[PDB]
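Presented below, as structure tokens, is a lone chain in the form solved without its partner chain.
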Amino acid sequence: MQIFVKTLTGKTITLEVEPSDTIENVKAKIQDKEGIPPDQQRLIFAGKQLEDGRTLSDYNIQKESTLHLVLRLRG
């Protein structure tokens, strides 16, 4: 299945994922596509920051769902 990740300027990243993929896997795929390492990534769905160890289905993220990407800064 396909989902989308959007930056805050509305730039979009298209991903191929499975419901059993962890949020961490999704971050790895974002790194694969954009060079942004997982530790610098926060993903948000329905206003909620998503935890690395949980799956997409845990958050009811289904096909064509849109996630939001923001940076994690040091400190």
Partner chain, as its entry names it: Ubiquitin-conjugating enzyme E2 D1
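Think of the rigid core as the biggest set of C-alphas that the two forms share within 1.5 Å after superposition. Numbering follows the first chain given and starts at 1. Only residues modelled in both forms are compared.
This protein has a second form, the form deposited with its partner chain bound, left out of what is shown; the following refers to that one.
Using the arrangement in the bound PDB entry, list in sequence order the residues of 21 to 55 with any heavy atom within 4.5 angstroms of its partner chain. Contacting residues: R42, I44, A46, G47, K48, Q49.
Rigid core aligned, does the Cα position of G10 differ by 2 Å or more between this form and the one not shown? Yes, shifts by 2 Å or more.
Pull up the moving segments between this form and the one not shown: at least three consecutive residues, every CA shifted by 2 Å or more, rigid core held fixed. Residues 7 to 10, 73 to 75 form the runs that move by 2 Å or more between this form and the one not shown.
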